[PDB]
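Geometric and topological summary
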Amino acid sequence: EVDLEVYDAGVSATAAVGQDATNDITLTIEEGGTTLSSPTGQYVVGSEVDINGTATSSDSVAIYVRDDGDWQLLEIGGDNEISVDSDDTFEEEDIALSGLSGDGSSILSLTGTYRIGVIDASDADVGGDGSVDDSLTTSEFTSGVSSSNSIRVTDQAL
Amino acid sequence: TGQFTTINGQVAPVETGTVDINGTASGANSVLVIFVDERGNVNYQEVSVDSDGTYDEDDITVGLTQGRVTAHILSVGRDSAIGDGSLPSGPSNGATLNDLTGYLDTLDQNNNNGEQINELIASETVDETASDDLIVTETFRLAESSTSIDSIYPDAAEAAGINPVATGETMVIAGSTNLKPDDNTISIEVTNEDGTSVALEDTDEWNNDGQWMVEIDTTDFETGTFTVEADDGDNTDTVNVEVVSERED
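This entry, as listed in the PDB, derives from cryo-EM and reports a resolution of 11.58 Å.

Listed below in structure tokens is the structure:
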């Protein structure tokens, strides 16, 4: 909870530290939920799917995949980010997760149950150039605003 | 009044822990909770209690080390001062919850035993004879994530752990876990003698007892030996059960 205190007219800045406020107003500060919707539940290996989700307070978002270790970055392509509209919603076209180049995609190639999460631009190369180019660990991924959901890949039969 | 939600008396993810706190704190404006381990690391957080004195703060992360962690809940009493206001480094009578946090920062900096912090925290705030503040004590072993399968048996009455299951009747499987009941899930796999999966079920709910049960049907199953596999993104446990046309009774 965050408060704002006003003071009577003519009071000085230094002398206003001790005098009580004439009135007040309070507001609450939390962090917005940035979650994914479509890459959840099931995924056929080699298939293409869109990236669907929402982000209340975000400008650039990145998608990471984890399996018994580091969160390997998934190279979605252009600028490795997705913009967010005024409706606090971000979307991407149909992307083949395993098809795309990068070591992040290589984890999802093999059949199993994994985890996929999204993170805001708060990383920014964990400090440095304005680009998402790292493999954030558990502490780094969790420290910023993020969310992850369980995903498993199934085999493809024509 | 306070409470701590432990899946089995432990918190599974050491890197990113999570506990739920709720209780009744009538007459107070804020409540402070502190976590200290055996080494002596301290983590604190303040909780804004609502008007009717029923505070409930959920998903509290713990950034301590693996081992045993004891938890305390602080509440300023009538004086609205931490105890008598006699902080070793803080001012006199201005000892609030935020003021005591500054004293906590000095505790972990010095090479102090975790047990010493228990003596210091109780002595400086509660053990003082003129103190009016109240605390509650709770402990839990901060361990790593672990999942295992305990008992597999049909709808009959059995608790040994292993029981042949006749096809056509549903069989229950029971295992133990330390993960969060909702934020995680357990996926099962049943495979035959040559890697033909036949069943796949998942559960994402279980009470604070730690026991989870998964239901799979045996309508189209074939007699023989079948492999049961359960994973949660961590170490995977495997158990084998036999399938028979009819059982002996």
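As for the sheet that holds strand β7 (residues 67-75) of chain B
Sheet strands pair via backbone hydrogen bonds, and the direction of the pair is either parallel or antiparallel. Residue and element names in this part refer to chain B. Spatial ordering of the open sheet is given by β2-β8-β7-β4-β5, a layout of five strands whose pairing is mixed. The open sheet is flanked by β2 (10-11) and β5 (42-48), the only strands paired with a single partner. Alignment of β2 against strand β8 (residues 134-142), held across two bridges, turns out to be parallel. Bridged to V11 within β8 is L142.

Thoughts on the pairing of strand β5 (residues 48-54) of chain A
Residue and element names in this part refer to chain A. Summarising the sheet, strand β3 (residues 35-36) and β5 pair through two bridges and their orientation is antiparallel. Following the sheet pairing, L36 is matched in β5 by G53. Across six bridges, the pairing between β5 and strand β8 (residues 89-96) is antiparallel. Bridge pairing in β8 links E48 to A96.

Quick notes on the packing of aromatic side chains
Inspection of every chain in the model, using the stated rule, returns six aromatic pairs over all chains. Here B:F35 and B:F140 contribute two aromatic rings whose centre-to-centre distance is 6.1 Å and whose plane-to-plane angle is 55°, an arrangement assigned as tilted. Separated by 105 residues along the polypeptide, B:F35 in strand β4 (residues 30-36) and B:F140 in strand β8 bring together distant segments of the chain. Relative accessible area serves as the criterion here: at 3%, B:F35 is assigned to the buried category. When its relative accessible area of 3% is taken as the criterion, B:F140 is described as buried. Among the aromatic residues, those joined into a ring-pair cluster are A:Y64, A:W71 and A:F141.

Comments concerning a nonpolar patch on the surface
Residues and elements named next belong to chain A. A cluster of nonpolar side chains, namely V2, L4, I25, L27 and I29, defines an oily patch on the protein surface of about 470 Å² accessible area. Looking at the nonpolar patch, the elements with two or more residues in it are β1 (2-6) and β2 (23-27). Looking at the element boundaries, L4 is found in strand β1.

Some remarks on the layout of surface pockets
For the second largest pocket, the calculated volume is near 470 Å³. Lining the second largest pocket are 22 residues, and of these A:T111, A:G112, A:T113, B:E189 and B:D231 lie nearest its centre. Of the residues in the lining of the second largest pocket, the class split is six nonpolar, eight polar and eight charged.

What to know about the pattern of salt bridges
Scanning the entire structure with this criterion turns up four salt bridges over all chains. Between A:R66 and B:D234 there is a salt bridge, with the nearest N and O atoms lying 4.0 Å from each other. Placement of A:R66 in strand β6 (residues 61-66) and of B:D234 in the loop between β16 (224-231) and β17 (237-244) is noted, with the two residues assigned to different chains. Since its relative accessible area comes to 15%, A:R66 is described here as buried. Taking relative accessible area as the criterion, B:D234 reaches 26% and is therefore assigned partly exposed. Between B:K180 and B:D59 there is a salt bridge; the shortest N-O distance is 3.2 Å.

Focus: empty space enclosed by the protein
Residue and element names in this part refer to chain B. Here the structure, examined in full by the defined rule, presents three cavities of 30 Å³ or more. Reported here for the largest cavity is a volume of approximately 60 Å³. Residue lining of the largest cavity: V165, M171, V190, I216, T218, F221, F226, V228, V241 and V243, and that is the complete set. Of all the secondary-structure elements, those providing two or more residues to the lining of the largest cavity are β16 and β17. Looking at side-chain class alone, the lining of the largest cavity contains nine nonpolar, one polar and no charged residues.

The rules behind these values
- Residues numbered from 1 in each chain as written, not as in the entry; some residues may be left out.
- Chains lettered and ligands numbered in written order.
- Part of a larger assembly, values for the part shown.
- Heavy atoms only, no water.
- Pairing = 2+ DSSP bridges.
- Helix = DSSP H or I, 4+ residues; strand = E, 2+ residues; numbered from the N terminus.
- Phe/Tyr/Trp six-rings, centres within 6.5 Å; stacked < 30°, edge-to-face > 60°.
- Buried < 20%, exposed > 50% of the residue type's maximum accessible area, 1.4 Å probe, protein only.
- Patch = residues over 30% accessible without salt bridge, like charges linked within 9 Å, V, L, I, M, F, W, Y side chains within 5 Å.
- Areas by Shrake-Rupley, 256 points an atom, 1.4 Å probe, with all protein chains shown as cover.
- Salt bridge = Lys/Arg side-chain N within 4 Å of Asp/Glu carboxyl O.
- 1 Å grid on protein atoms, 1.4 Å probe; cavity = no way out; pocket = protein on both sides within 12 Å on 5 of 7 lines; lining within 4 Å.
- Points joined across faces, edges and corners; volume = space filled by probe spheres on them.
- Nonpolar A, V, L, I, M, F, W, Y, C, P; charged D, E, K, R; others polar.

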